[PDB]
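Inspection log for the structure reproduced underneath, given as structure tokens.
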Amino acid sequence: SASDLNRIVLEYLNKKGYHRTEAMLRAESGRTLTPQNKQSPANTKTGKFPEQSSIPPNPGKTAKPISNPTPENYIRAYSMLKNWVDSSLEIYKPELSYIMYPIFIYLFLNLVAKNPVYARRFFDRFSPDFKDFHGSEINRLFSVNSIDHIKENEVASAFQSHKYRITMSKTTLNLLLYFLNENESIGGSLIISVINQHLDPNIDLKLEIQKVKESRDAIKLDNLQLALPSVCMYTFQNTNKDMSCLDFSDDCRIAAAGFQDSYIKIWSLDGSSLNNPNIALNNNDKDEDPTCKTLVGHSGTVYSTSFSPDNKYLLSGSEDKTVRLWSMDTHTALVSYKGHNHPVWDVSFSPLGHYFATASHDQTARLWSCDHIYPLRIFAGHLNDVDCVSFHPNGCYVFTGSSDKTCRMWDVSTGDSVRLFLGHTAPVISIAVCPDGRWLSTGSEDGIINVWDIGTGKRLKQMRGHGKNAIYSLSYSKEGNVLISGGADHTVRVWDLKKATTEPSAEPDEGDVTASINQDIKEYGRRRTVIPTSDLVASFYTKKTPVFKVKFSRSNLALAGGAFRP
Amino acid sequence: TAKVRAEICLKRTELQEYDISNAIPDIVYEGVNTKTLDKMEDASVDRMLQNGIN
Amino acid sequence: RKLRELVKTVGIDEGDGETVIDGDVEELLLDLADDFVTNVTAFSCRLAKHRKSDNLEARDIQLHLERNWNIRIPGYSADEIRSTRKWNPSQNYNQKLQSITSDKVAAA
Amino acid sequence: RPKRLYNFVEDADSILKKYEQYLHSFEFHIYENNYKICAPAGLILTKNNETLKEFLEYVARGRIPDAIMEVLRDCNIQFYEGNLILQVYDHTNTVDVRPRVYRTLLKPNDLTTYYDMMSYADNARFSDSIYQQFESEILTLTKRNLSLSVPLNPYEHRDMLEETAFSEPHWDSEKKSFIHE
Amino acid sequence: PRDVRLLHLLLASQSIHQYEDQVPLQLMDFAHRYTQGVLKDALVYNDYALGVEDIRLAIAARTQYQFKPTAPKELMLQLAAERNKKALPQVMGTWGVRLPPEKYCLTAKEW
Amino acid sequence: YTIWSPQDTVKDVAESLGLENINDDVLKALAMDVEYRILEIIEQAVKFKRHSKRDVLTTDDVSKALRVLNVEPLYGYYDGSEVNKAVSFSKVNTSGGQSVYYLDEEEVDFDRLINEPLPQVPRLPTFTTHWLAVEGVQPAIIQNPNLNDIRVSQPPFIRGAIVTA
């Protein structure tokens, strides 16, 4: 019945106004896979930050995924070098203490010529640190605010003629060049241009930077190999089956668990005070602080909870038809958010922390904002209710999975669905999109993960190692594609995303004994057992506690979390 | 340790504290699982120790 | 301007304060009434067709508002609408209740 | 691996600029105090009514009204990549030698696809999953131009960034203060 | 009982193998009340004009206010299109979380 | 038919009203719709079960599929010492041509309900952390499983495929 669907598609295009060549080319564009973007997480050499321009996102001014290929102000470009030399009381400290002054002076003198108010920010931001080292010269540089003010100060006008000399060693010059080459587009190239055009280094410089870039290009890692992560498991003990899904913050200092009796429980994962004392220290040591704070603002059971990337606010979604906001440094409620008439099941912040999306029983997802009490977009189009919600890592699309065996990608501005992904056989329960952004992964309640690509919309492959049960959480490797799935069968499994695709991801050159005999025992029967894909590599069981949360930290250490069940 | 370290240093050019693979790291805080039980028991004995007041 | 008269006959001063309405609430309650009318007459048409007729008499509407919404309008045709069954069970049901009471007394 | 380099347009202005020098789809006329919605070649002429005062709210927002889909299929007009081109004639500001011609574009919604499927359901008698697969295939073949590319995340590269590009709470004298509005 | 084990087979037919004991008791005490109300309203509707269209009237009388409504996707699509007319507001550009104004937050309140 | 009742359950409520004899088409269509409503309760119940992070279908998982589906609440299915499956299906047969089960319950005094002591309350929740894996293998502390008794405990549809690095 798929050839008849192809004929219905062709007649739909013919009646909806696509030329025969145009429909053939749109079919050929729909069939081929999304190619590889080499700047996939935007590596810090050729990648830029997002603009802070106070406008909402817009997925327009944008070409297709099928086609092949893919200002930066002075204060942050100096603060990068400032913090990099400030993080070191090493053997190379006072040479950076020497060379930190004329780069600041030349950046200030090159920034007064373009933007005066940014220059007034930049001067007084980094003023009082070397005043005792460089005398009243910075007091002489108070009266420079324009191009004609530079002609008043004779040393500032001489700084264009007198190139500032500095005698630098070879190891310090190579350290500075290999630091300012490893991140160009933050402002390293802007520092390098000032160094090349205004400084006098004692030991041509363009050939030196060419040799730096060529020797840095001569040794990289082209195709990455897999790595098995270390999992730290947080097991919660005295929860009599009344602890819903939990979450960890970033820096992993706070854990938030939503209870069935309308509390949010807040744990300091370091054993810290978690009282935020603010050195005045008035009174009340008479209370009992077990390094754990409770939050009582809900009247229903808390079904989801999400932490801001700022990590100072908590967002709790309940079955009373509100989502509440909590301050993590005074432990009270701030804002109630009322836009649903059914229970709330999955709240999730943006990547940049701008605005949060919500899932509920009313078959619609809702886009919000943390400063608006009522919603901003309604995501309608599912047949059953929405279970999970997640953004694209740029904060520009929304992904919602629902209990009618499908998930959707929504435009965040126009509201209408852009992708519909079909192929599952159970309620989609957790969804996650890779830091590359070209591949979407989700897990159902059938114990089957699968990955599609967002350009073609069809299935690359699936993952068949979990038990016929729920896949509660999902997490991604920070750099690259290794999927960590914490489900309901008490295991945390590890998945290679790049086995059966056109990207093989650098297999080893040269055997085992345990491989292909563990599921060749099959004592329970062939039809009554699971057979794993070739993508599953490892599986860590937890001994009778289930894993509600997997959270892959920055440094190849994942954290799992759950409650000790009996 | 004079016999095992000679074999280890002859193996590398191709109790103990420099077997690299078999080491577990340390956690900044782990929770109580057994000490709180005896803490509650001798706290109950302390509530018996306070001359019979409930 | 009729809804202001309706809130006027609901909310009078009466020595304790007058409550008034705003325009957005007027559009909300007018949409509520607009859907209420169609929701009453669409089931009343099904009742009048269930009575094997062609006219839409007032007994259909009064029955549909008595059984479901219980608004209880005084008599327009509310003597034919008022059906009086006593809802006493059958003879098998009282027999089975006798069996259950007999086991409940034979258990002690 | 893609085989060619493709040029597909998913804007309003670019689709209109592509589809100039082409015959229009509608033909709308602004006469004095009355209007007329005809075909490009008994066509009705309306008084200032409320159906037109709600249709005009769907042309300052360039989208097709959801009600018209089936009857467009009945009336044999030309679609242009799912869109249709409204050619407006303002006769009040005509010039002498022709009225003032505008040429706007109206864009499909999710409602237009749903009403097209509901009107497909008249003579086809399909199930729900066939409509799911048909909608998925058309949302693949007609929604190109995706912005799937990730920038730097500013929260991990905090040490190489300006300090006041973030807004955290601060503690004042005996209280603390967030940012509002 | 026959319907406790019939509810066991019904629950197992939809892949529900773990449940408590009073859950088929709750399903039976729901079905009793629902069928009793439906048959009482159908006896009223049969005294008015038993049969199957009478049962259809009595279960269409109470479909309208309690259970899950039917095909609600096009009304929700219309409602979404009424909400997704307004373009998105201007956001802060200081990379954090901005609160509402102080009267629209749960802080300037008193007991 | 369908699997709820031809007449054996719905008809014994039809007689509870007083209605003596009705056709089997009425009972067929009526019982079909009644167990459709039962499945409509059951599906929202498994949705609440899944989002409450559990595996059993407790009585508060169907009692929250009632408030969602606007059904009037079924009171009296939660008592003291709320344990998992507090066994109470002691329904007592009563004979005849067919079967009748009437759920016997013992009466009790009030002064043995007010002069009854209070149960045990557990500890408030805490957590405890360890290493599930250090490099992709499991370090076999007391907190880790044994990976060979995972065979003899759970079938491979509730434990999944065992593979190791």
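Using the Cβ-Cβ distance between A:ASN275 and F:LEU69 with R0 = 45 Å, the FRET efficiency computed as 1/(1 + (r/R0)^6) comes to roughly 0.55.
Please grab the % of Cα pairs in chain E that end up more than 22 Å from each other. Cα-Cα pairs of chain E separated by over 22 Å account for 69 percent.
Calculated FRET efficiency, D:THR51 and C:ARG72, Cβ-Cβ r, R0 35 Å, to nearest 0.05? Taking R0 as 35 Å, the efficiency between D:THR51 and C:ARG72 is 0.30. Which residues in segment A:131-165 place their backbone N less than 13 Å from a point set 7 Å from the Cα of A:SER97 along the Cα-to-Cβ direction? Zone members listed by number: A:131-134.
The ranking of A:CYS252, A:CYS245, C:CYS45 by Cβ neighbour count inside 10 Å, starting from the fewest, reads C:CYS45, A:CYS252, A:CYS245. Among B:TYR29, D:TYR131, a tally of other beta-carbon atoms within 10 Å of each Cβ gives an order, fewest to most, of B:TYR29, D:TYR131. Averaging 1/r over every pair of different alpha carbons in chain D and inverting the result gives a Kirkwood radius of 21.3 Å.
Tell me which of E:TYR65, E:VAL91, E:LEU106 sits at the most positive position along the dipole axis of chain E, charges placed on C-beta atoms (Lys, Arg +1; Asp, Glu -1). Sorting the options by dipole projection puts first E:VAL91. Residues A:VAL433, C:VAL37, arranged from fewest to most other Cβ atoms within 10 angstrom of their Cβ, appear as C:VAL37, A:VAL433. Compared with the dominant principal axis of the Cα atoms in chain F, helix F:24-51 is inclined by about 20°. Compactness of chain A is given as radius of gyration and Dmax, 28.2, 91 Å, from Cα positions.
Note on D:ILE37/A:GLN462: beta-carbon distance plugged into 1/(1 + (r/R0)^6) with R0 of 41 Å gives a FRET efficiency of 0.20.
The shape of the protein assembly as shown comes out oblate: with a ≥ b ≥ c from the C-alpha gyration tensor, a/c is at least 1.5 while a/b does not beat b/c. The C-alpha atoms of chain C define a longest principal axis, and helix C:91-106 lies at about 70 degrees to it. Using just its DSSP H runs of length 4 or more, each adding -39500 (n - 2.57), the protein assembly as shown gives a mean residue ellipticity at 222 nm of -9000 deg cm²/dmol after division by all residues. Summing Cβ point charges (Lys, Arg +1; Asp, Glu -1) relative to the Cα centre of the protein assembly as shown gives a dipole of roughly 3160 debye.
Angle check, please: helix C:23-50 long axis (alpha carbons) against the longest principal axis of chain C (alpha carbons), in degrees 0 to 90, nearest 10. Between the helix axis and the principal axis of chain C, the angle is about 40 degrees. Of the residues C:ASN55, C:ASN88, C:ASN39, the one whose Cα sits farthest toward the positive end of the charge dipole of chain C, with +1 on the Cβ of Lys and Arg and -1 on the Cβ of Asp and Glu, is C:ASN88. With 30 Å as the limit, the listed pairs A:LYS478/B:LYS35; A:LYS15/A:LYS498; A:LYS338/F:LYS49; A:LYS405/F:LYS53; A:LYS64/A:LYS461; A:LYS312/A:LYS405 have A:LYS478/B:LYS35; A:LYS15/A:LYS498; A:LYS312/A:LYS405 beyond it between alpha carbons.
Among A:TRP439, A:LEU559, A:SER67, pick out the residue whose Cα is farthest towards the positive end of the charge dipole of chain A, where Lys and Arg carry +1 and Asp and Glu carry -1 on C-beta, about the Cα centre. Farthest towards the positive end: A:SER67.
Find, to one decimal place in angstroms, the Kirkwood hydrodynamic radius of chain C, where the mean of 1/r is taken over every pair of different Cα atoms and then inverted. Taking every pair of different Cα atoms in chain C, averaging 1/r and inverting gives 18.8 Å. Inter-chain neighbour count for E:51-60: the average number of beta-carbon atoms from partner chains within 10 Å of each residue's beta-carbon is 5.
A simple spin-label model places the labels of A:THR21 and D:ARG73 3.0 nm from each other, with each point 7 Å out along Cα-to-Cβ. Taking GluC sites (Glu not before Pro) as exposed when DSSP calls them loop (any state but H, G, I, E, B) and at most 10 other Cβ atoms lie within 10 Å, what is the longest stretch of chain C free of them, the sites themselves excluded? Of all site-free stretches, the longest is C:19-108.
Relative to the Cα centre, the charge distribution of chain C, modelled as +1 at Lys and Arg Cβ and -1 at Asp and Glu Cβ, gives a dipole magnitude of about 1240 debye.
Here the Cβ is made from the backbone with ideal geometry for all residues, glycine too, and neighbour counts use every protein chain on show. Here, each number is a calculation from the coordinates, and none is a lab measurement.
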